[PDB]
Every structure is written in structure tokens, then in C-alpha cells.
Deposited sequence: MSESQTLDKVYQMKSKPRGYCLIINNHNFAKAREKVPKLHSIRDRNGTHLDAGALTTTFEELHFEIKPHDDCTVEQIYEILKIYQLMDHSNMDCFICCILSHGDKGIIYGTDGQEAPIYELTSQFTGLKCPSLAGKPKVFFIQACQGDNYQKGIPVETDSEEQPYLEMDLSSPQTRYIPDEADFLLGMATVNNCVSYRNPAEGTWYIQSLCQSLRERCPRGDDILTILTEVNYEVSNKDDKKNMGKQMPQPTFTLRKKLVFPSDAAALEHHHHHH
């Protein structure tokens, strides 16, 4: 099987956009009058930092970003020289709604606007290299219901080589325990730390995250959470350590 090159040290940048304080949204956006601060989000930023440092990435954290600030950060990285890197990762921790994430100001950033900054035309020094986005946000306000089951030169496309790991299917919520971190990010980090040393590829790992998050529940609302990867990867993606 063909596998992406993953040998540079550092492997690449791992951006973490970590949104906690939504006072601006509460002040400025009428419908977000009661949107909460994302208490505990630092536990996710820390888990991601531990995990991706162990995997040889250079972590670049940014806390409490408005939409305009997010786009400025992404432009900085779009314009960076990634020629000596093998991969790029971007993690977004925020509130969201269908197809979007919120800035701390309560403005909306469509997820496509985020990932599209790193297409091969916009960032040629990442052309042919995996670009991985993890999005921890709700994608709407519906609870995901549960169901009972038994107990166990050459050219490529501009949008090639992406992996988008969503915490939830569209329309539905995703959970954050203020004392532990989010269901999705905590499971993702645990699985990466356990399985990347075994040589498992990221789609296999994300399948395990789907399995583990699918067993969690919210017994207040009888809610579940179903993560969902999407990809244009053309090779196996491993993070050796």
C-alpha cells in the first residue's frame, strides 16, 4: 500500500485554535445571548499538544479567536513555507452550528472556508502532502438519538490529500465535559497515543474513535454523539513515532 512520507522532524505544524471566552458573542449577536464560555477547553488543547508533540509536530496554539482573527492565522500558515514539512494539522475547538464554527465574537466561519485555504493552489508547499483538520464543535442543536444493539510533470486535484475529522454528523450536538474535555478530542488523543506506535493508519484510528464515542451517552437528554470523518486522502496516513 502507498503511504504518505512522514519522516521530517518536525513533521509539520499543528495549529490549535482554542476558543473559550464567548462574552463578545453574548454581547453582539442577539441569538447567542446565552452562548456559554467553553469551560474545560484547555484540557483538550493540552491533550492535543501532548499527543502531537509526541508525534513530532510543532504545536502552534491560538486562544480566543474571532472569525477575522482565525482567517488571519490561517493566512499566515497558508503563506508559510511547508517545503521541509511532511504534513499539516489544524484543530479547531469552538461552538458551531450546521457547516460552521463560531468565532468568539459570534460570527460564523464555514468549515469549507477554513480548509480551502490549504488547497494545493493556495499552499503549493503542501501539495501532495496530507492536510488534517479536526473540528470539535456542535453542527446544530439536535440530540443524536440512540438505537439498541447487541453487545459485542503530473497533476492531481486541488482538493486532494485532505482529512476532515468532525466531532459530529451534521445537525447534531457534540459534548464537552468541563472537568475532562470533549468526548471527541479526548477519545481522538487516547486512540492516537495508543495506536500510532503500533503503526495503525489514521482511518483505522478514526474508526476506533467512532466506536468509542458511540458508546458514550448523555443521560439527561438521552443523547448520543456520532463523529464523522471525510477524506480525499490518496495514500495511507500514518504518524510514526
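> Wait, which stretches of the deposited chain are just not there in the structure?
Replying inline: Those stretches are 1 to 7, 160 to 174, 264 to 275, listed in order.
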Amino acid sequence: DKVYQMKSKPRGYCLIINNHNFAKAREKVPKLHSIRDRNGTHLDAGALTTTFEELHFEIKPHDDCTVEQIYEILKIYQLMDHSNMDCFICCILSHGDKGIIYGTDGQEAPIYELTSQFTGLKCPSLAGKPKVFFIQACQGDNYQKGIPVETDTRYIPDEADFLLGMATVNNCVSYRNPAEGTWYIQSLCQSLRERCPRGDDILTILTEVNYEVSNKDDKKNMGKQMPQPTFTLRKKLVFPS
From here on, numbers count along this sequence of modelled residues.
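>> When the other structures of this protein are compared, and only where the residues around it are present, is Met226 absent from a third or more of them?
In response: Other entries vs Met226: none skip it.
> Taking the other compared PDB entries with both flanking residues modelled, is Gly106 unmodelled in at least a third?
Replying inline: No, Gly106 has coordinates in all the other entries compared.
>> Mean Cα B factor from the PDB record: higher for 21 to 29, or higher for 225 to 233?
In response: It is 21 to 29.
> Of 189 to 197 and 39 to 47, which one has the bigger average CA B-factor?
Replying inline: Stretch with the higher mean C-alpha B-factor: 189 to 197.
> Looking at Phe162, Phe118, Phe134, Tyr112, which has the highest CA B-factor as recorded?
Replying inline: Reading the PDB entry, the winner on C-alpha B-factor is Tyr112.
>> Considering every modelled residue of the chain and its Cα B-factor in the PDB entry, is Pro157 in the lowest, middle or highest third?
In response: Answer is lowest: the recorded C-alpha B-factor places it there.
>> Using only modelled residues of the chain, where does the Cα B factor of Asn210 rank: lowest third, middle third or highest third?
In response: Lowest third of the chain for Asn210's C-alpha B-factor.
> Going by the entry, which third of its chain does the Cα temperature factor of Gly96 land in?
Replying inline: Lowest third - that is where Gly96 ends up once the chain's C-alpha B-factors are sorted.
> Against its chain's modelled residues, does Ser174's Cα B factor rank lowest, middle or highest third?
Replying inline: It belongs to the lowest third of the chain when residues are ordered by C-alpha B-factor.
> Split the chain's modelled residues into thirds by Cα B-factor; is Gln107 in the lowest, middle or highest one?
Replying inline: It falls in the top third of the chain.
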